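Here the structure comes first, spelled out in structure tokens, and everything after it is commentary.
Protein chains: 2
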Amino acid sequence: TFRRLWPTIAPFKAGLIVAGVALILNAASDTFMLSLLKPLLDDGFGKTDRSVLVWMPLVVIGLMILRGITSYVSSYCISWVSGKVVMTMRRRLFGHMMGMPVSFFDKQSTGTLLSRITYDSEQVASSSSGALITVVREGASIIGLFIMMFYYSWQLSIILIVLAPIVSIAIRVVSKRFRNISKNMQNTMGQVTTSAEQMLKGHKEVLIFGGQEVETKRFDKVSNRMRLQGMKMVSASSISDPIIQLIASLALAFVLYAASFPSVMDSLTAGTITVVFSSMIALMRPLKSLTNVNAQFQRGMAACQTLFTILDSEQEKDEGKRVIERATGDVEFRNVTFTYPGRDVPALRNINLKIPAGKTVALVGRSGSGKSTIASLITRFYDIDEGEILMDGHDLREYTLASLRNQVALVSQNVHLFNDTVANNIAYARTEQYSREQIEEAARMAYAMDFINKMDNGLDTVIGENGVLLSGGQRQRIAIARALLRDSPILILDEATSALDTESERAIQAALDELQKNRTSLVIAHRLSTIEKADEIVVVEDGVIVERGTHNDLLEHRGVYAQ
Amino acid sequence: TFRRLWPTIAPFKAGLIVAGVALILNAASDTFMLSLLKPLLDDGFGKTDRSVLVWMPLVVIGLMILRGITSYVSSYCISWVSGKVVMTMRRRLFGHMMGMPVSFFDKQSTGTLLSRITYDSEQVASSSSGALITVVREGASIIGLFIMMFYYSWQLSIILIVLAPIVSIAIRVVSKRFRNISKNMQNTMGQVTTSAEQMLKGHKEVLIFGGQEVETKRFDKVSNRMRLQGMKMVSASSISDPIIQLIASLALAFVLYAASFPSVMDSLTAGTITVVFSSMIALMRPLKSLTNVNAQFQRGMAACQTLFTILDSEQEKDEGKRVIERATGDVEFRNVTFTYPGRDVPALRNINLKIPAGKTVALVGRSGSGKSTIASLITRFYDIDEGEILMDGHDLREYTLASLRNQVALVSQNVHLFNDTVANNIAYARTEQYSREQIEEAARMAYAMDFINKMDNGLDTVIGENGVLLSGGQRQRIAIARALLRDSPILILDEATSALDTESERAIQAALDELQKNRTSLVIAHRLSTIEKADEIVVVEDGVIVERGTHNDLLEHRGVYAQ
Numbered sequence: 012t013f014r015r016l017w018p019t020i021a022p023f024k025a026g027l028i029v030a031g032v033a034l035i036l037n038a039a040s041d042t043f044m045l046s047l048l049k050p051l052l053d054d055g056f057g058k059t060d061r062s063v064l065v066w067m068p069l070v071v072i073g074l075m076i077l078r079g080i081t082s083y084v085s086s087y088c089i090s091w092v093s094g095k096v097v098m099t100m101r102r103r104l105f106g107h108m109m110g111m112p113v114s115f116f117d118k119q120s121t122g123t124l125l126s127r128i129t130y131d132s133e134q135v136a137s138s139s140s141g142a143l144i145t146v147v148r149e150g151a152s153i154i155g156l157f158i159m160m161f162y163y164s165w166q167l168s169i170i171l172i173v174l175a176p177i178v179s180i181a182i183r184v185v186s187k188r189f190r191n192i193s194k195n196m197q198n199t200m201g202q203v204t205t206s207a208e209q210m211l212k213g214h215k216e217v218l219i220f221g222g223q224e225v226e227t228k229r230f231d232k233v234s235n236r237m238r239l240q241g242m243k244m245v246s247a248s249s250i251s252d253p254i255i256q257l258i259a260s261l262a263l264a265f266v267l268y269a270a271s272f273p274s275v276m277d278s279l280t281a282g283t284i285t286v287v288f289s290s291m292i293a294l295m296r297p298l299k300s301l302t303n304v305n306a307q308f309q310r311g312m313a314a315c316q317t318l319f320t321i322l323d324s325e326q327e328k329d330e331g332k333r334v335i336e337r338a339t340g341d342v343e344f345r346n347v348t349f350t351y352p353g354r355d356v357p358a359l360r361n362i363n364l365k366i367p368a369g370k371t372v373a374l375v376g377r378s379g380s381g382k383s384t385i386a387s388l389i390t391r392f393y394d395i396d397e398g399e400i401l402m403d404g405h406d407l408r409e410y411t412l413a414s415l416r417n418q419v420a421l422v423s424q425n426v427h428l429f430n431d432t433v434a435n436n437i438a439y440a441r442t443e444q445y446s447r448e449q450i451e452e453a454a455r456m457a458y459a460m461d462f463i464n465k466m467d468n469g470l471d472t473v474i475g476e477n478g479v480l481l482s483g484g485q486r487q488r489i490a491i492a493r494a495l496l497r498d499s500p501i502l503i504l505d506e507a508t509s510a511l512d513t514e515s516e517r518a519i520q521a522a523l524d525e526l527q528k529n530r531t532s533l534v535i536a537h538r539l540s541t542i543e544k545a546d547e548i549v550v551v552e553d554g555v556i557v558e559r560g561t562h563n564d565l566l567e568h569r570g571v572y573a574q
Numbered sequence: 012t013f014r015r016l017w018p019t020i021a022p023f024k025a026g027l028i029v030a031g032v033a034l035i036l037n038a039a040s041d042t043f044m045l046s047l048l049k050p051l052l053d054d055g056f057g058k059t060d061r062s063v064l065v066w067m068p069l070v071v072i073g074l075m076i077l078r079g080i081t082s083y084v085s086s087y088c089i090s091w092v093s094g095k096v097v098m099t100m101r102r103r104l105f106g107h108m109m110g111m112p113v114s115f116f117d118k119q120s121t122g123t124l125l126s127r128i129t130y131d132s133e134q135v136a137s138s139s140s141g142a143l144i145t146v147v148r149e150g151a152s153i154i155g156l157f158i159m160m161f162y163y164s165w166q167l168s169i170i171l172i173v174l175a176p177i178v179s180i181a182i183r184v185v186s187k188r189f190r191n192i193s194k195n196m197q198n199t200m201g202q203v204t205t206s207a208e209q210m211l212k213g214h215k216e217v218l219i220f221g222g223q224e225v226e227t228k229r230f231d232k233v234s235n236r237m238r239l240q241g242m243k244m245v246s247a248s249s250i251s252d253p254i255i256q257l258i259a260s261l262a263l264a265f266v267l268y269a270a271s272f273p274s275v276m277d278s279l280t281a282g283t284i285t286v287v288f289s290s291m292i293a294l295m296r297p298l299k300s301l302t303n304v305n306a307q308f309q310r311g312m313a314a315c316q317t318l319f320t321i322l323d324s325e326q327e328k329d330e331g332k333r334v335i336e337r338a339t340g341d342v343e344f345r346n347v348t349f350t351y352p353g354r355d356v357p358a359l360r361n362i363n364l365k366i367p368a369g370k371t372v373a374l375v376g377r378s379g380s381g382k383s384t385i386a387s388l389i390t391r392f393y394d395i396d397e398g399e400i401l402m403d404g405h406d407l408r409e410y411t412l413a414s415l416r417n418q419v420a421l422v423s424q425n426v427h428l429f430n431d432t433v434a435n436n437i438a439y440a441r442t443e444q445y446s447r448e449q450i451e452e453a454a455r456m457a458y459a460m461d462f463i464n465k466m467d468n469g470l471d472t473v474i475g476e477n478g479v480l481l482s483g484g485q486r487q488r489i490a491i492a493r494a495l496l497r498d499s500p501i502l503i504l505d506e507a508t509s510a511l512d513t514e515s516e517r518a519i520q521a522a523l524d525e526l527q528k529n530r531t532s533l534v535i536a537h538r539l540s541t542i543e544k545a546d547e548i549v550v551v552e553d554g555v556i557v558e559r560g561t562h563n564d565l566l567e568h569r570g571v572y573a574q
């Protein structure tokens, strides 16, 4: 309808101009091909000229080569534009996609948004370009064919050129009728498919009550309804083209009957009627396809509207102002109420968890209460509804978001690795500011240089997708070195199962826990020997604060520590 | 390929034969159309015999009417086969689909299986039937047009007929080239899209670890690769058509060159060469689809293979022989080793849990420790790996699953309904064996009389989806009535909500009490009132019975009763 992706086309318009020129010249090539007929039939195969037949094979092969060359060039130079705007659209949408908060990736999954990166973006320039190609080529072919009509036979030129828009209208209303009946009937077909959907929704409560025999009879009736619906749908679909063919055949018969009159006859040669008839037959495909121009132009821009709404949404709120260099001081929580997104149930009560500087605070929960939820707030993934976290004696909403996530470091076994090299991965987003020797020695105090050696190249190898495939413990052995290099003010550690690295990876996490000896540690781990070693322990459950003290002090009302 | 759908299509053969005759007539409704050209020019616009031009409009309009009528009749009569071979496939893949264990409905989704009901089965009748509407029409049009050429010109028909398979082979090899390069470049493009997916996947990592400028640079250099890849794919797809057009145009020029190479040529009238060249270009469309038909026949049979493997799998192991009536003997778990299917972690240890007859046995599993998974053993939703459930003093393996599951009435607030009437829903699968008065009073002792009377037509009211739409507890109020109509020796009671929204009903729990007046009732619940009422209590966590006793006795040791 009304699209403002044209600025993204605005510098890339030379490709459009070249494609349009090549396409109108393709239409002219088709016109000249059809123009070839009259000398062949009138001069060539009528009067035995014998030179016409000599030089026509050459020009027809030349014109077919001209059709081929111009079609290939037009397709290449329109897909150049459809690639150079899809690339720009992908770049912009990707930027605003990584801009937006984590809630956007949730409730949508990482598979759909990829389709909105490649599927929707392709349709943006595979239905608009697919509309421009038609409206130019087959829209100017009609003009060329009517110029043929004016040139070679003016007598019936008037009759078919006045008749043609009426035929276009006929095809338009027939297509509209087909579209309407198909739409309403397709809604009905879905409305009966939901019956099968419900029937297969419970395979339970059919085996229990023992109703297999009854549950096929009803499905037999539903299948019969579906069959009748499908037969009516095909009838409606395959009556459309026949009636169109009949109304256009009335035009063909009208032209031929008009030719009966003496005045139009005897001025037109045997070849002239030939070219006008064959051209009229050729007119059907452009005349039919021009009507569906708006259809395809509203199947590419329609998806583009959804893509724009994805683009035009709001990035995460960044009213923060105070960049914090290093948050070594105490971190305090203050009457913070958080609600998980998409749910009215708050997963967090009014929580006051205070993290002492350089100390350990450990959360032990197997219920899935939200130990990860509280881990989210300190990194400001999901924001805070009411209350405040005095981060080194200052609110998060005062702190800039980039600075805040520069302070914190989240270590886990679900760590994702980019398609980079190992050296650029350890010093991620700061490899310019961190040296190679720093990365190496950081890996060394992170006691993780072993597997780094054991692959092909070592200090400069790829850590890419479908490449080395480090185990979860080994990926965490990269992750600990990341925060070790970065000198994170806060190191909120997670944990999962480990075998043959419980001896290693955890006692190496002593080396990250040397940064616990140097910095705070909001450890989220759920089972380890270090859990009892943890200085301060909280056992927060169902989003509720439960108990505060060391494990021996915590053993009082404790009934879950046993594991 | 090798398909045994023909047993399914055999009774629907007359429709197929009529469709074949109709498509043959449709193809012959092009050869006569082109046949009328010769007198229209040779006897018409050449030697001016007006009478030929007088009758020509009538015959062309009649022939187009014949084309339309026969095409519509063929489309109908190839939908009475495509509407009754898809129907039998749907029905026969329905009985053997709902007879399979619920592990099918795990490891899968209802939407996917519905797609295997509607879309996948529609391909079987729209690609394997699309290989019959196409091959017999466009294979008959070829024969008709060659017979035309032979009739009107014995001389250049031989040059066109031997030449035609060469052009067909050219089309086939070009299509194979396109297919190969397209599949390869599309696989590489997929290899790029998984990179895009991984960068989208680690959203949290890019947010937390630092800036996103390097991430945008990465996506710039991956979108450049995507754009170049797409341009090359389009280059292949575009250059497919011109080379075909050229290798056919050289045949066109060959025909025209041979149209005067010997002196015996040029004995053909203008109308005749017109007919032959119109039929030559006509040949392109059938000859460009007869080669492509095998792809459609292997795109409909391929999905039929998916349907066949879904159908041909196995239903429950039905080795039991005896039918217990009312299970007055106690149900009893004895040294049963069960594991959640799809996982190696055993959700059940070796559990010995006798259920005293006519006695309530409640269990509290708010840890999420597969309490519902214990509700599945007696119903045999997931089969027991090893060990015997000592049913009624005997083993359940000796009992028929259809009969055994009738001896269990599973009652839950997530109960599934149908598109039937509320009476039959009260007596589902057994409405013939239970009268309307029995249903009426059964609902009354269930305290379901009030609402079902407040609906449209009392007990005659339809309970269909998007109809009356009883609420959750109100939906429970029907399942309980289903259980009161006997068919309920054993009552594994779900009670998932335990949410007294409007105090529930005053007699929801009282209706269950009337249900639990006698009979084994292995109660699943979170309602502390029912646990207080419960006689035997087995609290379960992490797939093991931690305790057995009564309310105070079990309160004394451990206890999550604090909730």
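Each protein sequence line maps, in turn, to chains A and B.
Under the authors' numbering, the first residue of the first sequence is numbered 12, with each subsequent residue one higher.
Under the authors' numbering, the first residue of the second sequence is numbered 12, with each subsequent residue one higher.
Every residue gets a Cβ at the ideal spot worked out from N, C-alpha and C, and that includes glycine.
**Request:** State the beta-bridge partners of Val342/A as determined by DSSP.
**Result:** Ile366/A, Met402/A
**Item:** Neighbouring residues, chain B, relative to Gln223/A (Cβ below 9 Å)
**Value:** Per Cβ cutoff of 9 Å: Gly106, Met109, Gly110, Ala413, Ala440.
**Prompt:** If you follow the beta strand (DSSP E) that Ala264/A is part of, which residue opens it and which one closes it?
**Reply:** Careful: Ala264/A lies outside any beta strand (DSSP E), inside the alpha helix (DSSP H) at 251-269.
**Paired residues, beta bridge with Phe349/B - DSSP** = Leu359/B
**Message:** Can you look up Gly560/B in the DSSP assignment and give me helix, strand or coil?
**Reply:** strand
**Nonlocal neighbours in the same chain, by C-beta distance under 6 Å from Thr99/A, ignoring five residues either side** = So the list reads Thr19, once near-sequence residues are dropped.
**Asked** What's the gap between the Cα of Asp403/A and the Cα of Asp329/A?
**Response** 19 Å
**Neighbour list for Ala270/A in chain B, Cβ cutoff strictly below 7 Å** = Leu64
**Prompt:** Quick one: is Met456/A near chain B, going by C-beta distance under 9 Å?
**Reply:** no
**Message:** Assuming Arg103/B and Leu322/B are in contact, meaning their beta carbons sit under 8 Å apart, how far apart are those beta carbons, in whole angstroms?
**Reply:** Indeed they touch by this definition, with Cβ atoms about 7 Å apart.
**Request:** For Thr129/A, name the three-state secondary structure that DSSP assigns.
**Result:** In the structure shown, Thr129/A adopts helical secondary structure according to DSSP, grouped into three states.
**Prompt:** Leaving out the 5 sequence neighbours to the left and right, which residues in its chain are closer than 7 Å to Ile254/B when beta-carbon positions are compared?
**Reply:** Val185
**Request:** Using a Cβ cut-off of 9 Å (strictly closer), state whether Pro68/A contacts chain B.
**Result:** yes
**Prompt:** Does any residue of chain B bring its CB to less than 9 Å from the CB of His214/A?
**Reply:** yes
**Item:** Residues within the segment 71-92 of chain B neighbouring chain A, beta-carbon criterion of under 9 Å
**Value:** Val71, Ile72, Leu74, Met75, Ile76, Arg78, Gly79, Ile80, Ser82, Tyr83, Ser85, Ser86, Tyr87, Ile89, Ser90, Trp91
**Within chain A, the residues that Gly311/B reaches when beta carbons sit closer than 7 Å** = Those within 7 Å of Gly311/B in chain A number zero; the least Cβ separation is about 16 Å.
**Prompt:** How about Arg488/A and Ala420/A: do their beta carbons lie closer than 9 Å?
**Reply:** no
**Request:** On a CA-only basis, which of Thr411/B, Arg78/B, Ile535/B is nearest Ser380/B? Give me that one, please.
**Result:** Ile535/B
**Closest by C-alpha distance to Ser414/A, when choosing among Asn346/A, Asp394/A, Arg333/A** = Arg333/A
**Message:** On a Cα-Cα basis, can you pick out the residue from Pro297/B, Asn435/B, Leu504/B, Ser540/B that is closest to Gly155/B?
**Reply:** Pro297/B
**Request:** For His214/B, count neighbouring C-beta atoms within 10 Å of its own C-beta (all shown protein chains included) and say buried if the count is 16 or more, exposed if not.
**Result:** buried
**Request:** Look at the Cβ atom of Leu52/A, then the Cβ atom of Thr59/B, and state whether they are nearer than 9 Å.
**Result:** no
**Prompt:** Which residues mark the beginning and the end of the alpha helix (DSSP H) in which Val571/A is found?
**Reply:** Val571/A -> no alpha helix (DSSP H), and no H or E assigned at all.
**Prompt:** If we ignore side chains and look at the alpha-carbon of each, how far apart do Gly398/B and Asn346/B end up?
**Reply:** 6 Å
**Item:** Opposing strand residues paired with residue 644/B [DSSP bridges]
**Value:** The first residue shown for chain B is 12 and the last is 574, placing residue 644/B beyond what the model contains.
**Request:** Taking 9 Å as the cut-off, decide whether the C-beta atoms of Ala151/B and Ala39/B are in contact.
**Result:** Closer than 9 Å, so yes.
**Request:** With a cut-off of 8 Å on the beta carbons, I'd call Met160/B and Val266/B a contact; round off their distance for me.
**Result:** The Cβ separation is near 10 Å, so there is no contact.
**Request:** List the residues of chain B whose Cβ lies closer than 7 Å to the Cβ of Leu421/A, in chain order.
**Result:** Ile219
**Asked** Taking the alpha helix (DSSP H) that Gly55/A falls in, what are its first and last residues?
**Response** Here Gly55/A belongs to no alpha helix (DSSP H), and DSSP marks it neither H nor E.
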